[PDB]
Amino acid sequence: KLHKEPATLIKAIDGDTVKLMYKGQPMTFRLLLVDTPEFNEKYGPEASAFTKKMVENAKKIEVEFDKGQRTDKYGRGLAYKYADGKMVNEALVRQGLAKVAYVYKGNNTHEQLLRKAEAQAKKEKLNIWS
Ligand SMILES: Cc1cn([C@H]2C[C@H](OP(=O)(O)O)[C@@H](COP(=O)(O)O)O2)c(=O)[nH]c1=O
Ligand SMILES: [Ca+2]
């Protein structure tokens, strides 16, 4: 079963990538199951600002690795991030600032939760879906 672990914010990079201090080591983390646009693309700045605000204003930040691989080929930690108990991955998708993507079996525990959030954002024609 999955478990949440403490992590400290170093710096928000963009919508789905952040630098955190995990177990005393500075690491770049990439959010599982989602894809925010590049800062240079439509809604890119919006997604960056959303994530930045959410992580910087948080009292507690936690990371939750899935059951599979914990890092990607670029050395980035792969996890679900929580800001005061609220999952950032889900928040972005629910806001239509990120699409469900890179769904790989083994690291897809929250796939249904995220797809539900995407469907609602799409139904509401929010941002990316506008
Ligand atoms: C989210 C995620 C991304 N990735 C890789 C796939 C993509 O590789 P390629 O760059 O070779 O396409 C890249 C997408 O990241 P970004 O969306 O940050 O660019 O990160 C994984 O391997 N596993 C994951 O769980
Ligand atoms: Ca991206």
# chains A, B, ... in the order shown; residues from 1 in each chain; ligands from 1
$ residues_near_ligand --ligand "ligand 2" --cutoff "12 Å" --atoms "only C-alpha atoms and all ligand atoms" --output "PyMOL selection string"
chain A and resi 13-18+29-45+47-48+89+92+97-102
$ select_by_dssp --residues "chain A" --states "strand (DSSP E)" --output "ChimeraX atom specification"
/A:5-12,17-22,25-31,34-35,61-65,77-83,86-87,99-100
$ write_last_selection --atoms "N, CA, C and O atoms" --output "compact mmCIF listing (two decimals), in the first residue's frame"
# COMPACT_ATOMS: atom_id res chain seq x y z
N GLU A 5 5.15 10.58 2.57
CA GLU A 5 6.41 10.89 3.23
C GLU A 5 6.68 12.39 3.16
O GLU A 5 6.40 13.02 2.15
N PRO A 6 7.25 12.97 4.23
CA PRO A 6 7.55 14.41 4.24
C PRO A 6 8.63 14.79 3.24
O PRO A 6 9.52 13.99 2.93
N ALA A 7 8.53 16.01 2.71
CA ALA A 7 9.50 16.56 1.77
C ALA A 7 9.43 18.08 1.93
O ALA A 7 8.38 18.60 2.31
N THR A 8 10.54 18.76 1.68
CA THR A 8 10.58 20.22 1.81
C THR A 8 10.77 20.88 0.45
O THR A 8 11.59 20.45 -0.36
N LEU A 9 10.02 21.95 0.21
CA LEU A 9 10.12 22.66 -1.05
C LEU A 9 11.43 23.43 -1.21
O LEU A 9 11.89 24.11 -0.28
N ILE A 10 12.04 23.28 -2.37
CA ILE A 10 13.26 24.00 -2.69
C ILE A 10 12.86 25.08 -3.69
O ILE A 10 13.08 26.27 -3.45
N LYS A 11 12.20 24.66 -4.77
CA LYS A 11 11.77 25.59 -5.81
C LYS A 11 10.80 24.95 -6.81
O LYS A 11 11.01 23.83 -7.27
N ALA A 12 9.73 25.67 -7.14
CA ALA A 12 8.76 25.19 -8.12
C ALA A 12 9.35 25.54 -9.48
O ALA A 12 9.80 26.68 -9.69
N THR A 17 6.66 19.90 -12.59
CA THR A 17 8.01 19.58 -12.12
C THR A 17 8.41 20.55 -11.02
O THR A 17 8.27 21.76 -11.16
N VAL A 18 8.90 20.00 -9.91
CA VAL A 18 9.30 20.81 -8.76
C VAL A 18 10.58 20.24 -8.14
O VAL A 18 10.87 19.05 -8.27
N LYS A 19 11.35 21.10 -7.48
CA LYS A 19 12.57 20.67 -6.81
C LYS A 19 12.26 20.59 -5.32
O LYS A 19 11.81 21.56 -4.72
N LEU A 20 12.49 19.41 -4.75
CA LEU A 20 12.22 19.17 -3.33
C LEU A 20 13.41 18.57 -2.62
O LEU A 20 14.29 17.97 -3.24
N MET A 21 13.44 18.75 -1.30
CA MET A 21 14.48 18.18 -0.46
C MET A 21 13.81 16.93 0.10
O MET A 21 12.87 17.01 0.89
N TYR A 22 14.25 15.77 -0.37
CA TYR A 22 13.68 14.50 0.07
C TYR A 22 14.75 13.67 0.78
O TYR A 22 15.76 13.31 0.18
N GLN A 25 18.21 15.18 0.68
CA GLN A 25 18.84 15.34 -0.63
C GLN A 25 17.99 16.10 -1.63
O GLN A 25 16.80 15.82 -1.78
N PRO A 26 18.58 17.11 -2.29
CA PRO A 26 17.87 17.92 -3.29
C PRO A 26 17.57 17.07 -4.52
O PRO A 26 18.48 16.47 -5.11
N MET A 27 16.30 16.99 -4.89
CA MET A 27 15.88 16.20 -6.04
C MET A 27 14.84 16.92 -6.87
O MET A 27 14.11 17.77 -6.37
N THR A 28 14.79 16.57 -8.15
CA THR A 28 13.79 17.14 -9.04
C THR A 28 12.68 16.09 -9.07
O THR A 28 12.97 14.90 -9.23
N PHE A 29 11.44 16.51 -8.84
CA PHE A 29 10.30 15.59 -8.85
C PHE A 29 9.35 15.92 -9.99
O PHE A 29 9.09 17.09 -10.27
N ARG A 30 8.85 14.88 -10.65
CA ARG A 30 7.91 15.00 -11.76
C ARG A 30 6.61 14.32 -11.31
O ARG A 30 6.62 13.18 -10.85
N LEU A 31 5.50 15.04 -11.44
CA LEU A 31 4.20 14.53 -11.02
C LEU A 31 3.71 13.34 -11.84
O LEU A 31 3.67 13.40 -13.06
N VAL A 34 0.26 12.92 -14.99
CA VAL A 34 -0.24 14.17 -15.54
C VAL A 34 0.77 14.85 -16.45
O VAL A 34 1.96 14.52 -16.45
N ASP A 35 0.28 15.80 -17.22
CA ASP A 35 1.14 16.56 -18.11
C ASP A 35 0.62 17.98 -18.27
O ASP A 35 -0.48 18.20 -18.78
N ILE A 61 4.28 19.54 2.95
CA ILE A 61 4.39 18.95 1.63
C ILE A 61 4.78 17.49 1.82
O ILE A 61 5.67 17.17 2.62
N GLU A 62 4.07 16.60 1.13
CA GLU A 62 4.35 15.17 1.21
C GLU A 62 4.43 14.58 -0.19
O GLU A 62 3.79 15.08 -1.12
N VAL A 63 5.24 13.54 -0.33
CA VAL A 63 5.38 12.84 -1.60
C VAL A 63 4.94 11.40 -1.36
O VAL A 63 5.15 10.85 -0.28
N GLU A 64 4.28 10.83 -2.35
CA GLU A 64 3.79 9.47 -2.26
C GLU A 64 4.19 8.70 -3.51
O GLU A 64 3.66 8.95 -4.60
N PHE A 65 5.17 7.81 -3.37
CA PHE A 65 5.62 7.00 -4.50
C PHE A 65 4.56 5.94 -4.78
O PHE A 65 3.79 5.57 -3.89
N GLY A 77 12.30 12.16 -9.51
CA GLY A 77 11.46 11.32 -8.67
C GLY A 77 10.05 11.34 -9.24
O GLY A 77 9.59 12.38 -9.72
N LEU A 78 9.39 10.19 -9.25
CA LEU A 78 8.03 10.09 -9.77
C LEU A 78 7.06 9.83 -8.63
O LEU A 78 7.04 8.73 -8.07
N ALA A 79 6.22 10.81 -8.33
CA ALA A 79 5.29 10.64 -7.23
C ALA A 79 4.07 11.53 -7.29
O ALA A 79 3.94 12.39 -8.18
N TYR A 80 3.16 11.25 -6.36
CA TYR A 80 1.97 12.03 -6.17
C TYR A 80 2.37 13.03 -5.08
O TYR A 80 2.83 12.62 -4.00
N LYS A 81 2.21 14.32 -5.32
CA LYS A 81 2.60 15.32 -4.33
C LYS A 81 1.36 15.87 -3.61
O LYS A 81 0.34 16.11 -4.24
N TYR A 82 1.48 16.07 -2.30
CA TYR A 82 0.36 16.59 -1.51
C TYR A 82 0.74 17.88 -0.81
O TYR A 82 1.82 17.98 -0.22
N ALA A 83 -0.13 18.87 -0.91
CA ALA A 83 0.07 20.16 -0.26
C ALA A 83 -1.06 20.24 0.76
O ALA A 83 -2.22 20.39 0.39
N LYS A 86 -3.93 17.86 0.14
CA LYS A 86 -4.56 17.96 -1.18
C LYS A 86 -3.56 17.56 -2.25
O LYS A 86 -2.47 18.12 -2.33
N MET A 87 -3.92 16.59 -3.09
CA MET A 87 -3.02 16.13 -4.14
C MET A 87 -2.90 17.15 -5.27
O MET A 87 -3.90 17.53 -5.89
N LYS A 99 -3.43 17.43 -18.32
CA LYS A 99 -4.14 16.29 -18.89
C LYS A 99 -3.57 15.02 -18.28
O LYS A 99 -2.40 14.97 -17.89
N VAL A 100 -4.40 13.98 -18.19
CA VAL A 100 -3.94 12.70 -17.69
C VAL A 100 -3.03 12.18 -18.80
O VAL A 100 -3.39 12.24 -19.98
$ closest_residue --among "A:91, A:119, A:84, A:66" --to "residue 103 in chain A" --atoms "only C-alpha atoms"
A:66
$ atom_distance --atom1 "CA of residue 68 in chain A" --atom2 "CA of residue 88 in chain A"
19.6 Å
$ atom_distance --atom1 "atom 3 (C, counted along the ligand's line) of ligand 1" --atom2 "CA of residue 51 in chain A"
17.1 Å
